[PDB]
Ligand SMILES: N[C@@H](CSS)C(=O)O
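Only one chain is given next, in structure tokens, and it is the form deposited without the named molecule.
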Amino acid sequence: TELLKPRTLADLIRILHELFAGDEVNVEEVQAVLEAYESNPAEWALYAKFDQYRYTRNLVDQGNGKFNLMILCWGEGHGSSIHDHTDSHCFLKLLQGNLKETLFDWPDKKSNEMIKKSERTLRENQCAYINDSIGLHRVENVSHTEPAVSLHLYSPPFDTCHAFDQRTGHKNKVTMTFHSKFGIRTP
């Protein structure tokens, strides 16, 4: 063990490599380390590539295959589907701005409105955690004036998930794409 405060994004990545050296994941330790990194915009500007129309996913590190670390850039009003995480751990840390997270239960096979179980505002530097056992969520930048930037870690990596129709609970498979990888736009 001996978790130390990451001094920089680079230092955080190094620490994460250590924490994912094995086949299991200490969720509380990973969350603690992510939370302890104090966002420094100069360190992640390279990855903070926005799109006018929707949020972008910008790959930072491939975690020697154990995890993907990426930065998501949310324009004003940009948000996600209600989605799962494909049997992976998902950590979400705010680097800039605020995001609203809404939780949903897994739908029953009957077609019904998905009612929100709860919501919270994730603030700068806070780190949230979700997995399929916890439930489903939507993440949204509700701000009209401030873009948000978040750092996401998923283990194992996954590039598909399901989006859920809020009116019915019906799910559709979605393939996730990257806007950039290692600072390089990937069209």
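Heads up: residue numbers just count along the shown sequence, starting at 1.
Quick note: we don't show the form solved in complex with the named molecule, though the next part is all about it.
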Pocket accessibility when the named molecule, as posed in the deposited complex, is superimposed onto this form, judged at 2.4 Å from backbone or C-beta:
open
Counting only non-hydrogen atoms, the one stretch of 136 to 144, 36 to 44, 23 to 31, 59 to 67 within 4.5 angstroms of the named molecule in the deposited complex is 136 to 144
Should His152 be counted as a contact of the named molecule in the deposited complex, where contact means heavy atoms within 4.5 Å?
yes
Would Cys73 count as touching the named molecule in the deposited complex under a 4.5 Å heavy atom rule?
no
With heavy atoms only and a cut-off of 4.5 Å, decide whether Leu95 touches the named molecule in the deposited complex.
no
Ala10, heavy atom within 4.5 angstroms of the named molecule in the deposited complex:
no
Heavy atom within 4.5 Å of the named molecule in the deposited complex: which residues of 98 to 134 meet that condition, in order?
none
